[PDB]
There are 4 protein chains.
Amino acid sequence: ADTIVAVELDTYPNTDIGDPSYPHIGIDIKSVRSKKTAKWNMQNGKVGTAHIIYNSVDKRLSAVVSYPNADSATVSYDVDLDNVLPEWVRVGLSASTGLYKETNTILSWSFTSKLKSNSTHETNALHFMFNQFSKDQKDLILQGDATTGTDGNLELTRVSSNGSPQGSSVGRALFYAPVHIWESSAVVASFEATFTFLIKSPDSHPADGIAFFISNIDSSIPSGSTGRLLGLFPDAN
Amino acid sequence: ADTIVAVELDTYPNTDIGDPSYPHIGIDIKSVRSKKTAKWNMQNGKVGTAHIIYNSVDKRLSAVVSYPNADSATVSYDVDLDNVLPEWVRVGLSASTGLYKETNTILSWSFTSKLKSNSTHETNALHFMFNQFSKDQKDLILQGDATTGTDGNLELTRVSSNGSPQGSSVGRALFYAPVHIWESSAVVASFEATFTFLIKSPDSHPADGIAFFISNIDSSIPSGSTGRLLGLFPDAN
Amino acid sequence: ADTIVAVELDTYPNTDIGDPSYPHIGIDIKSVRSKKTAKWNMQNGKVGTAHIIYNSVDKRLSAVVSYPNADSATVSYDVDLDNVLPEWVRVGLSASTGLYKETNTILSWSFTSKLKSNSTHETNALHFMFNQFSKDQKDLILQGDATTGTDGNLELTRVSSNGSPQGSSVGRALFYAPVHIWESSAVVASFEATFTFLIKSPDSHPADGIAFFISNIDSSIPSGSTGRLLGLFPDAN
Amino acid sequence: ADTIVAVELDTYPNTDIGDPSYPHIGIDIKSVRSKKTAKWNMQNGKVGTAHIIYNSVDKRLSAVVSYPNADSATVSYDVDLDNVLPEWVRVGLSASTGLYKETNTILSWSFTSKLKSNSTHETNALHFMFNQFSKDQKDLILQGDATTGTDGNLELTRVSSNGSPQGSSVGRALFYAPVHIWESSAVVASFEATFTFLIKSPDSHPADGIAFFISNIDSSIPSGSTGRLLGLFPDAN
Ligand SMILES: [Ca+2]
Ligand SMILES: [Ca+2]
Ligand SMILES: [Ca+2]
Ligand SMILES: [Ca+2]
Ligand SMILES: [Mn+2]
Ligand SMILES: [Mn+2]
Ligand SMILES: [Mn+2]
Ligand SMILES: [Mn+2]
C-alpha cells in the first residue's frame, strides 16, 4: 500500500471512523482517521482557499482554510515527515463522492518546496502555479475521474454535461515531476501549498471532500476508495 | 526605548548576563538575555550562513546556522510576535565589538515577508536580495560605523585600511522600506531571512557578534551599546 | 524638471499634442507626446490588466493591456533606458482627470527588478506585490489626491463619498524604496511590472488616463499637470 | 528528427560548418549552423555563467555569458519561437567531445517559464533551481554519458576516475516535467534560464562545447552527434 500524508477538507461526518459531527479540516498521517481536526464552516457554492505549510526544523504540519467575508479554520500536528515519507515524493489533490455528492472543482493550485544545504548558501527549489487548466495539461498526472479544461478548471470528480455532480466518483491530480523533500546535506527543508476550490451540491448534505496529499512517487487510487476514503486510503484503519 | 526581536550569533561569552560559556546562537525578545540558546561552533575566518523563519499560525521563531563541511546549530522559541512587535517594522543586521574584536562582514542578505488575506487568494509580499553592496546603497539605512562597498561587502563594524578589525565599534543596516507583519484581514503571515557572514579576528577571543533583528520603524542604535549589547539594547536587563 | 519614462493608458484623445483620435496605449520618453502608440479598446467599468517589460540587453520597452473575454493591445519602443534615467529611480502609478473625468482605481500592483553581475551568479533583486491597500500603507509615497484603503483599493484620483469621480484631480503612488536599475558590474538588468485597474465614468467621454512611470527618486507632481498631462509632465512639449 | 532551438557555448572552431575562427556563443534554430554568433573569450578551468532570455511580445532570443573579472559576450536573434517549437517542450543542457576534449561540468541550472492570460491576472508558471545534483536526481532525465552526483555536480560528458575528460562523448540532462510555452489565452509568454559551468581541458584546443536547448518533449540524442554536433543535431545541414 501507498504511504499518504494529507490535509483533508472533509464535508461529510462519518462518526464511526472518528469524524466529528460536522464538516472539518484534518491532518491525516497514514490513516483516514485524522490525527487532529478542527471545525470547518463549509459554504456550499462559494470559492474557498486552503494553505498548507511545513518545515523540517519545526516538524509541524499546519493548514488554514477560509472564504471571503468569513473567519478561518486552522489545524496543526507535530510530526517529523522524514520519518513518515520517502525522500522523493509526488504531491497531489484528491477528491471523492459516494451516495452523497458534490462538485470538487479546483480553480488554482500552487506549491513551493525548498532544500537549503550547508554549501555556500545553498538553495534548491521547485515551484509551480496553476491558475487555469487546459484540456491537455501535460504536467499533471490525472487519475480516476479527474479532468481538466472544463471552464478552464480541474474537476476532480465527475460532473454531468449539465453541471450536476455525480455520485460514486473518485479522482486525483499529481504534479508530473517527483519532489525532493529530504537530502543528506539539507540544513532546512520546507514546503508550502495553496489551492482554491468550489464545492457545490444540490443537496443539504454534500460529500465527501477534497484533500492535498503527499505520497510515494508511484501512488495510485486505492481500490474502493470512493466516498469516505477520499481517494487516499484502501480502508478505514 | 525601541522594541527589539533578534536572532544573535554571539561570539563572546558574557556569563553575568546569562550567556553560556561558549559561542552560541540565541533568540532575544526585548532583552539581551536570550530566551533560548544553543551551542555554536563558530569558525574564525570562514564564511557561514544563517537562516531565520517564522509564521503567525505556529508562532515559533526558529534559526539555523552552518558552515560548509560542518554540522549546523539550531534554536527555536515559542512567541506570538504580534504581541511583541508593532504592525509595521523595519528589518536589519547589527554587530559590535568592544575591548575584544572581530570583523563583522556581510556578504549577502535576503528577506521575504508575506501576508495572505481571506480575499480570493490573496497575496501580499515584500522580497529583497543583496549579493553585493555598493558604495552608495540607497535602499539601506546605515547606522553607526556600518559601511558598504569595500570589496563589494557590508562591513557592519569598523575595519582599518589594512583590514584589521577595530574595537569599540557598533553598526547596523536596515532595509529602507517599512515591512507589514500583521494586518487585520491576514489569515497567515510569514517571514524568512538568510544572511552570509565572515567573522575574522587576529585573536583567540573574538567579540562580540552579529544579529538579524526586527524593530520599530524608527529604531536607532542605543547609546552605549558597543560590546556585549550588540548594537541592540541600552542595558543588560 | 523631473526625468520621466512612462507607459500611458490614455483614455481621452488630445489631437493637438499628437494623440490618435481614440483611446490608446503609449510609450512616453521625457514627453507627453508619445514616441509610439497603439489603439486601445478601453471598456468603461471593467477590470483590466497592464504588463510592462524591459531588459538592458535588448533595450526595448514593451507593454500589453487586456480585459477578460477581449483581445489585447501592445506597444513597443527601442530605447536604452540607461541613457535616459539615472542609476537609482523610484517607480510609481499616476492618473488624472480634467473637465472630463473617470475613476482611476488600482486593485493590484506588482514589480520585479533584477541586476545580474559577473560575480558567481550573481543576483540582486527587488520585488513587491500589492493585492490590497490599507488606510495607512506605509510602503507607498502618496502624492496629490491619491488615497488608499477605500474598499481596500488605491484611488489615484478623487472620488466623492458616493463613488462619483471628480474632475480636476491628479494623484500618484510611488514605492517607498529607491530601485537600482543600472550598476557597473551588471551584465543584465531587467524589470517587469503589472497592475490591475478599474476605470469607470458616468460619461461617454472618460478622461484622462493612468500611467506606470519610472522617475528620479525625488519626483513630485508637476504644477498644472491635471488633465492631459497625466500627473507626469509640466507642459506638452 | 527532433526540433531544436539552442544557445551554444562552442569551444572549437569548425570553419566548414560556418563557425568563426575562434570560440563563440551562437543561436541555433533547427541547425548547427548558427543564425547569429559572437566572439567568446573562453577561459579554460574557470567557472562561467550563461543567461538566456525570451518573450513572445518581442520575439527575440538573447544570451549573455561571462566570467568573474572579465567582460561579457552577448548574442541576439529575432525569431518567433511559436513558429519553430511545439506548444509543449522539454528544456535541457547538452554537451559533447570528439577527438578533441574537455570537461563539461554544470555546477548550477535554473529556469523560469511564465504564461500570463487575459483572465484576472492571470499567472501560470514553472520554476526550478539546481545548485547541487545528487547521485539519483529523479527530476532529471539523463541521456548518453551524463551523470550526476560526482562532487555534487552534473557531468554532461564522461570523465575518467582520475578527473581527465574523455573523447568521443555526448550527454544531456532534461528537466522531467514538460513545459508549456504557448497557450491560446496567453497575452505574454516568457522564459529565462541560467547555468554555471566549468570547462577544463589538459589541451590547448578544448572541444566541443555546451548548449542550453528547448526541444520536442520526446527528444533524444541523435545518432552520431558527438563532437561538432553538440548532442543536438543528426548532421551539419
Ligand atoms: Ca468524512
Ligand atoms: Ca556575549
Ligand atoms: Ca490624452
Ligand atoms: Ca564548433
Ligand atoms: Mn474526516
Ligand atoms: Mn548571548
Ligand atoms: Mn496620449
Ligand atoms: Mn558554432
# chains A, B, ... in the order shown; residues from 1 in each chain; ligands from 1

$ select_by_dssp --residues "segment 65-236 of chain A" --states "strand (DSSP E or B)" --output "number ranges by chain"
A: 65-66, 73-78, 88-96, 105-117, 123-130, 140-144, 147-150, 153-155, 159, 165, 170-175, 179-180, 186-198, 209-215

$ residues_near_ligand --ligand "ligand 7" --cutoff "12 Å" --atoms "only C-alpha atoms and all ligand atoms" --output "number ranges by chain"
C: 6-28, 31-40, 207-211, 227-230, 232, 236

$ closest_atom_pairs --of "chain C" --to "chain D" --cutoff "10 Å" --atoms "only C-alpha atoms" --output "Markdown table"
| residue | atom | partner | partner_atom | distance |
| --- | --- | --- | --- | --- |
| C:47 | CA | D:120 | CA | 7.9 |
| C:48 | CA | D:120 | CA | 7.6 |
| C:49 | CA | D:121 | CA | 6.5 |
| C:50 | CA | D:121 | CA | 9.0 |
| C:51 | CA | D:188 | CA | 8.6 |
| C:53 | CA | D:55 | CA | 9.5 |
| C:55 | CA | D:53 | CA | 9.5 |
| C:57 | CA | D:62 | CA | 7.6 |
| C:58 | CA | D:62 | CA | 7.7 |
| C:60 | CA | D:58 | CA | 8.1 |
| C:61 | CA | D:58 | CA | 9.5 |
| C:62 | CA | D:57 | CA | 7.6 |
| C:63 | CA | D:57 | CA | 8.5 |
| C:64 | CA | D:187 | CA | 7.5 |
| C:65 | CA | D:187 | CA | 8.5 |
| C:66 | CA | D:118 | CA | 6.0 |
| C:67 | CA | D:118 | CA | 6.0 |
| C:68 | CA | D:119 | CA | 5.0 |
| C:69 | CA | D:118 | CA | 7.3 |
| C:70 | CA | D:118 | CA | 7.6 |
| C:71 | CA | D:118 | CA | 8.1 |
| C:72 | CA | D:187 | CA | 6.8 |
| C:73 | CA | D:187 | CA | 9.3 |
| C:74 | CA | D:57 | CA | 8.1 |
| C:75 | CA | D:57 | CA | 9.1 |
| C:76 | CA | D:58 | CA | 8.1 |
| C:108 | CA | D:121 | CA | 9.3 |
| C:116 | CA | D:51 | CA | 9.3 |
| C:117 | CA | D:68 | CA | 8.7 |
| C:118 | CA | D:68 | CA | 5.1 |
| C:119 | CA | D:68 | CA | 5.0 |
| C:120 | CA | D:68 | CA | 6.7 |
| C:121 | CA | D:49 | CA | 6.5 |
| C:122 | CA | D:49 | CA | 9.0 |
| C:185 | CA | D:71 | CA | 9.3 |
| C:186 | CA | D:72 | CA | 9.8 |
| C:187 | CA | D:72 | CA | 6.8 |
| C:188 | CA | D:64 | CA | 7.8 |
| C:194 | CA | D:121 | CA | 8.6 |
| C:195 | CA | D:121 | CA | 8.6 |
| C:196 | CA | D:121 | CA | 7.5 |

$ closest_residue --among "C:52, C:216, C:180, C:148" --to "residue 133 of chain B" --atoms "only C-alpha atoms"
C:180

$ atom_distance --atom1 "atom CA of residue 134 of chain A" --atom2 "atom CA of residue 91 of chain A"
19.4 Å

$ atom_distance --atom1 "atom CA of residue 163 of chain D" --atom2 "atom CA of residue 43 of chain D"
18.3 Å

$ residues_around --residues "residue 59 of chain D" --least-positions-apart "5" --cutoff "7 Å" --atoms "only C-alpha atoms" --output "PyMOL selection string"
chain D and resi 54+78-80

$ atom_distance --atom1 "atom CA of residue 141 of chain C" --atom2 "atom CA of residue 175 of chain C"
6.3 Å

$ closest_residue --among "B:234, B:202, B:222, B:98" --to "ligand 2" --atoms "only C-alpha atoms and all ligand atoms"
B:98

$ decode --residues "segment 101-166 of chain D" --atoms "C-alpha atoms" --output "PDB file, in the first residue's frame"
ATOM      1  CA  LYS D 101      38.018  17.061 -25.483  1.00  0.00           C
ATOM      2  CA  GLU D 102      37.114  18.950 -22.275  1.00  0.00           C
ATOM      3  CA  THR D 103      35.114  18.509 -19.083  1.00  0.00           C
ATOM      4  CA  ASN D 104      31.530  19.774 -19.459  1.00  0.00           C
ATOM      5  CA  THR D 105      30.668  20.270 -15.811  1.00  0.00           C
ATOM      6  CA  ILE D 106      27.436  22.004 -14.675  1.00  0.00           C
ATOM      7  CA  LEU D 107      27.511  23.481 -11.186  1.00  0.00           C
ATOM      8  CA  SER D 108      24.008  25.092 -11.205  1.00  0.00           C
ATOM      9  CA  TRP D 109      20.981  25.413 -13.518  1.00  0.00           C
ATOM     10  CA  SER D 110      17.791  27.490 -13.092  1.00  0.00           C
ATOM     11  CA  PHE D 111      14.808  28.038 -15.370  1.00  0.00           C
ATOM     12  CA  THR D 112      11.562  30.080 -15.149  1.00  0.00           C
ATOM     13  CA  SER D 113       8.665  29.990 -17.642  1.00  0.00           C
ATOM     14  CA  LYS D 114       5.531  32.145 -17.376  1.00  0.00           C
ATOM     15  CA  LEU D 115       2.234  32.318 -19.308  1.00  0.00           C
ATOM     16  CA  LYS D 116       0.048  35.374 -18.466  1.00  0.00           C
ATOM     17  CA  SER D 117      -3.573  35.058 -19.670  1.00  0.00           C
ATOM     18  CA  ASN D 118      -6.325  37.660 -20.083  1.00  0.00           C
ATOM     19  CA  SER D 119      -8.282  36.234 -17.141  1.00  0.00           C
ATOM     20  CA  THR D 120      -7.870  38.437 -13.989  1.00  0.00           C
ATOM     21  CA  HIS D 121      -4.298  38.494 -13.887  1.00  0.00           C
ATOM     22  CA  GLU D 122      -3.701  35.587 -14.688  1.00  0.00           C
ATOM     23  CA  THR D 123      -0.481  33.879 -13.976  1.00  0.00           C
ATOM     24  CA  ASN D 124       0.830  30.428 -14.752  1.00  0.00           C
ATOM     25  CA  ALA D 125       4.482  29.500 -14.067  1.00  0.00           C
ATOM     26  CA  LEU D 126       7.120  26.811 -13.745  1.00  0.00           C
ATOM     27  CA  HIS D 127      10.437  27.408 -11.912  1.00  0.00           C
ATOM     28  CA  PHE D 128      13.261  25.114 -10.936  1.00  0.00           C
ATOM     29  CA  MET D 129      16.714  25.753  -9.427  1.00  0.00           C
ATOM     30  CA  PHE D 130      19.523  23.234  -9.012  1.00  0.00           C
ATOM     31  CA  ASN D 131      22.659  24.265  -7.039  1.00  0.00           C
ATOM     32  CA  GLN D 132      23.683  20.664  -6.478  1.00  0.00           C
ATOM     33  CA  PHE D 133      22.997  17.383  -8.115  1.00  0.00           C
ATOM     34  CA  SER D 134      22.850  14.132  -6.270  1.00  0.00           C
ATOM     35  CA  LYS D 135      23.523  10.539  -7.404  1.00  0.00           C
ATOM     36  CA  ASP D 136      19.805   9.793  -8.056  1.00  0.00           C
ATOM     37  CA  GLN D 137      18.412  13.077  -9.343  1.00  0.00           C
ATOM     38  CA  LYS D 138      14.893  11.883 -10.144  1.00  0.00           C
ATOM     39  CA  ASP D 139      13.678  15.170 -11.648  1.00  0.00           C
ATOM     40  CA  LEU D 140      16.293  14.993 -14.426  1.00  0.00           C
ATOM     41  CA  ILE D 141      16.184  12.764 -17.481  1.00  0.00           C
ATOM     42  CA  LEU D 142      19.842  11.861 -18.181  1.00  0.00           C
ATOM     43  CA  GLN D 143      20.801  10.824 -21.708  1.00  0.00           C
ATOM     44  CA  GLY D 144      24.047   9.406 -23.121  1.00  0.00           C
ATOM     45  CA  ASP D 145      27.098   9.770 -20.895  1.00  0.00           C
ATOM     46  CA  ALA D 146      25.615  12.341 -18.456  1.00  0.00           C
ATOM     47  CA  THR D 147      25.921  11.589 -14.734  1.00  0.00           C
ATOM     48  CA  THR D 148      25.003  13.359 -11.508  1.00  0.00           C
ATOM     49  CA  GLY D 149      26.492  13.369  -8.050  1.00  0.00           C
ATOM     50  CA  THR D 150      30.276  13.423  -8.645  1.00  0.00           C
ATOM     51  CA  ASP D 151      31.391  16.235  -6.330  1.00  0.00           C
ATOM     52  CA  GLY D 152      27.672  17.141  -6.280  1.00  0.00           C
ATOM     53  CA  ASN D 153      27.770  18.283  -9.972  1.00  0.00           C
ATOM     54  CA  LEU D 154      26.215  17.341 -13.306  1.00  0.00           C
ATOM     55  CA  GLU D 155      28.956  15.944 -15.632  1.00  0.00           C
ATOM     56  CA  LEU D 156      27.442  16.073 -19.124  1.00  0.00           C
ATOM     57  CA  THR D 157      30.303  14.146 -20.765  1.00  0.00           C
ATOM     58  CA  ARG D 158      32.474  11.296 -19.479  1.00  0.00           C
ATOM     59  CA  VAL D 159      35.297  11.985 -17.015  1.00  0.00           C
ATOM     60  CA  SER D 160      37.741   9.286 -16.003  1.00  0.00           C
ATOM     61  CA  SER D 161      38.116   8.189 -12.407  1.00  0.00           C
ATOM     62  CA  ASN D 162      41.108  10.478 -12.148  1.00  0.00           C
ATOM     63  CA  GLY D 163      39.207  13.505 -13.445  1.00  0.00           C
ATOM     64  CA  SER D 164      40.575  13.507 -17.060  1.00  0.00           C
ATOM     65  CA  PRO D 165      37.963  14.291 -19.706  1.00  0.00           C
ATOM     66  CA  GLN D 166      37.349  11.664 -22.340  1.00  0.00           C
TER      67      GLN D 166
END
